[PDB]
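Structure 1 and structure 2, given next as C-alpha cells, are two forms of the same protein chain, each shown alone.
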Structure 1
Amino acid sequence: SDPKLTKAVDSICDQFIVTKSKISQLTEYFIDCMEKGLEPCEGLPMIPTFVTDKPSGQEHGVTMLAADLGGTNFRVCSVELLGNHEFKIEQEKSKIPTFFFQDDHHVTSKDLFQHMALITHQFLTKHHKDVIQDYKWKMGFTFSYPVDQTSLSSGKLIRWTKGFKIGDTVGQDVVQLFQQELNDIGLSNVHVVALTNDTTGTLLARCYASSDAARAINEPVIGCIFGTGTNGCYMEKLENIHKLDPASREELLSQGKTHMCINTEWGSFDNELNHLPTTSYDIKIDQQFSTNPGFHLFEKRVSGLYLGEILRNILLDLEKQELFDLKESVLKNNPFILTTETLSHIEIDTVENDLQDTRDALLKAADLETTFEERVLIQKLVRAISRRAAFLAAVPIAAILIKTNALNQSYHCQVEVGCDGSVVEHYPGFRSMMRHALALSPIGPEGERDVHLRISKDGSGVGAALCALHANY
C-alpha cells in the first residue's frame, strides 16, 4: 500500500537475521570465551559457585529457609524437603522501597540489609513462633547479582544492576553484612550458610524435581534465566576451573567430587561486539537508555526489558524519515514504555482479525492509533526482534553442551535445560525458535531432539534450601 515505508521495514528486518553461519561463529567464539574465562583474572566472567553435588530427589525430614533479593521484591520462604521430588513451601513477600534505586546521599547499604533482617523476624514470628530464637536455622541467600564468590558462604558484590545505587555495598561481603543485621534484631541463631545465584538454584531445583530412573539417561546439565536479565550455569570439571586454588581443587577431588557449578554470567558475552549482531538501535540504547552502559551487551539483545525498547527506537528512526506518523502517541520521550508483554500480543496476532490484538496493545501502551497496513509492518519488526533474541539465546546452551560432550554419553543419552523468566516462560514461540536455532547450531537436528527445554519454577527457594542442606551450621 505504501512502497516507500515497506522497503524501509524489509531492510531493518534483514539486520536482525541470524544465519546458520553466524550461529556456528558465535557458538565457536562462545566456547573460546568460556575457556579464557576459566583462567585467573587479568573472556566470560565464569564465577565458581562452589556447588559440587547434585540433589538426588530423596533428601527428606528437614526444613530449610531461604532469602531472595530480586530487583523489585524481597522474599523469605521455608522449604520442607519431603523426598520423592516433593516439598512444602511457605513464604512472606516484601517490596523494596523506591528510594534505593536513586542516589540519595542518605540511603546506605545497612538500611537495606536491616530491612531484610526485620522481615525475617516478622516472617519467623508468623509461622514458627515457638522456635524463632532457639532453632539453629540454616539459611540460603539468593543474590542474583555480579559477585566475586570465594566460598559457599562468602561473596563480595562486584557491581549493582537492575537499577540499584548504593556505593557502600560494592566490594563488601554481602553475606556477612546481612548476618550483622540479623544478630542486631536478636536473631543470632539464624546462620546464612549459603550464597547462591538464581541460575544455580534453577538447576538444583530441577535435579530434585526430575525423575529417579529417567535421570539415568536424562540428566539436567544447564540452569539458565531469560527474563529481565539473562544468565546461565553448568557443571565443569574441577581440573578446568583454573581460577580455583589448586589446594581446594585437590581437596575436592579427594572427597569424590568431580565437577563444580560455574555461574557463567553470560549476559556479559562479547562486550566488545567482535561478533554479536549489532544495529544502530542496539548502540543508541546501550549508551543512552542503559543503566550500566558498556556492560551486559548480550543481555540487552535478549532481555525482555530491552526488546520493547528496541522496537521503540526503530519507530523513532522511522519518524525521523517522515515514513511513520506518531500523531498523538507518547513514544517520543518515554523509554521502556514498550514492554515485553506488549510485544507478546503482537507476536501471535493474526492478520485474519485485522490485527486487532496489536492495535489495542499499542493504544493501551502509548495511545498510538494505527492502521491495518501499519500493524502488518510492526508485526514484522516484532517477529524479527524476538527471532534474533531466541536465536542468540540458543548459542550459550549449544556452546556449553558442545564443550562438555553431554549429548554423546550413552545409547539413549538425553539432557535437560532448566529455564525460568518472563520471556522463555510466557513469550509465545520463544522456546520454539530456540529449538530451531539449536538445530541450526553445530549440535544439529539430532542434537536438539536429545535436548529438552523444560521449565522449572521457584529456583530461588528450593534451590537455595538444598545448598543449606549440605552446609554446616
Structure 2
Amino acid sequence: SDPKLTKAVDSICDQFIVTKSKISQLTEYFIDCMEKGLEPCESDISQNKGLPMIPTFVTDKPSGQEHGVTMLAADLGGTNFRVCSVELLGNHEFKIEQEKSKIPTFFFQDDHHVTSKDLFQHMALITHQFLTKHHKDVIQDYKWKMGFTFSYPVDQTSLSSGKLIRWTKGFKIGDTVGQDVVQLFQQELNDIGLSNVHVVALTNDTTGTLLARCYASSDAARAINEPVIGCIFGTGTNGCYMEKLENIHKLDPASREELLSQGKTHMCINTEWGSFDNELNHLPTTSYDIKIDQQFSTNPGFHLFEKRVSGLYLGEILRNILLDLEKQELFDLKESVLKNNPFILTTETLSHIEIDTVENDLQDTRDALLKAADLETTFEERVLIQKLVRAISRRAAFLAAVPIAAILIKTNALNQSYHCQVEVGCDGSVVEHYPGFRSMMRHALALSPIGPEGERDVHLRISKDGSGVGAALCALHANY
C-alpha cells in the first residue's frame, strides 16, 4: 500500500468522469456538427475537420422480402477479410457461404513497403480461391455481381464509386489514399481472369450492418423494433442512419429531385463519427489522449472521438497512464516491456481486468498483465490498475452513447407507432464482448436528453453483418 499512489490513481480516475451535463452538451454539439456536416464544403474532403456525414447512395431499407440469384460479397475490416456468396431467399432468409481470414501483419507494418496492389491482389486471389472451392462447377463466364464492404472512410460518389479519404485502424498503404477502391479491386480481379466478377456496390460496414438487420429482422420483431442505426464498436467506431433527402444539402439538388421523384425520401448517411470533434472543442481530453493522438496514432489530428472509445486505443490509454505513474516514481514497472511498445496493452487485456474479483486476488489481472507485457504486480497495484481500467471503459461507453442519442433526437426517431421501439444494430468486439460496455452505454443513454424513458425505447441489439448480407443486398439492386 502506497497512499501517494492511491491518491494519484483516484485523481486520474476523476479525469475520466463524464457527467449528465456533459452528455447533454456533447449530444447538442453532435447535432450541430451533423447539420454542419450535411452542408457542402468547398475545401478538400481530406482536409475537412468536421463530421464527415458521407452520403452512401443507399435510399431503401430492406423489407426482408428481397430475393435473387446468388450474390458475391467481399468484406475488408480492420482485422479480417471475408469473401462470401449470399443467396437471398426473401422472407428474411438467406444461404451464405463464406471464407474468413486474418489480414496478414504485412499490411500493418512500415519496415517494408506495402502497395495498393498488394492489398487488392491479395483480396482478388482470396476471391479466386473462394470461387474455386465453393462454386467450381459455375462457368468461368458467369456474370457475378459483387458487393464490396470496405470499413474505411470513402468519398462516396455513387453506389459503386468512391475514393479512400484516409486509412484508419492501423492500415498503412500510402498510395491507396485518393484512389477509387472499387476500381483498384476490379482491376486485380480482371488481372486473374475474374473480369466476369463485377464489383457493383461499395458500402461502409455501418451501412451493411443496418441493411442486414432490416432484412433479417422478422415481421413480428420488425413490427415493434424499427432498425434506425447501424453502428460499430470494435477496432474502430462509427454509425449510420437514414437522413431526409431534403437535409442532405451537399447532395446535388438535381440528384435530390431525381431521387424524390422516384419515390425516395431518405438516404443512408455514413457519419464517420469516429471523427466527431476533431478540434477537441468539447470532447473529454487527458494528457494521455493527446499523447496517443500526436505520437502513437497513424492519423494525428483525426478520429479523436474514436481514440477515446474504440478497442484499438483503450489499452494504449492505460499504458500511458502507467508510464506517467512511473515517471512520477509512484509505480514500479519492474522488468516489463511496456515502455517503447505502443499498443502492447490491448482492450482484450482490459477485458480480463474489468470484472476480475479480489476474492481471487485479481489473478486474471495478474496473468493478463504478465501475458501482455511481462508486468509483475502486487495485489494492491492490481486493485488500482482495475480502477484505472474501469474509468477508461466507462468513459468510452458513456461517450459511445452520445452519437446514438444525438441521431435519435435529430431524426425524432423515438416517435413511432404504439409499442414500437427503435433498434440500434451494434457490431464489434467491444460492444459485444467487453463486459459491462453495453450496460454503461444504456446508463449513459438514460442520462442523455432522451432520458430513462427514452432509453427503454432503445434496443442496443448485437447484429453482426459478417456474412456479407449488407453488401449482397446492394449488389442485388445494382446493374451488372
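Please note that residue numbering is based on structure 1, beginning with 1 at the start of its sequence. Each form is matched to the other, and the largest set of C-alpha atoms that superpose within 1.5 Å is called the rigid core.
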Fill in: Residue among 122, 271, 290, 240 with C-alpha shift of 2 Å or more between structure 1 and structure 2, core superposed
122
Worksheet item: Once the two forms are fit on the core, has residue 182 moved its CA by at least 2 Å between structure 1 and structure 2?
Response: yes
Practice prompt. For residue 440, state whether the C-alpha moves by 2 Å or more between structure 1 and structure 2 after rigid core superposition.
Written response: no
Discussion item. Once the core is aligned, does residue 101 move its Cα by at least 2 Å between structure 1 and structure 2?
Written reply: yes
Worksheet, complete the sentence: Superposed on the core, the Cα displacement of residue 161 between structure 1 and structure 2 in Å comes to 2.5
Worksheet, complete the sentence: Students should find the CA displacement of residue 300 between structure 1 and structure 2, rigid core aligned, in Å, to be 0.3
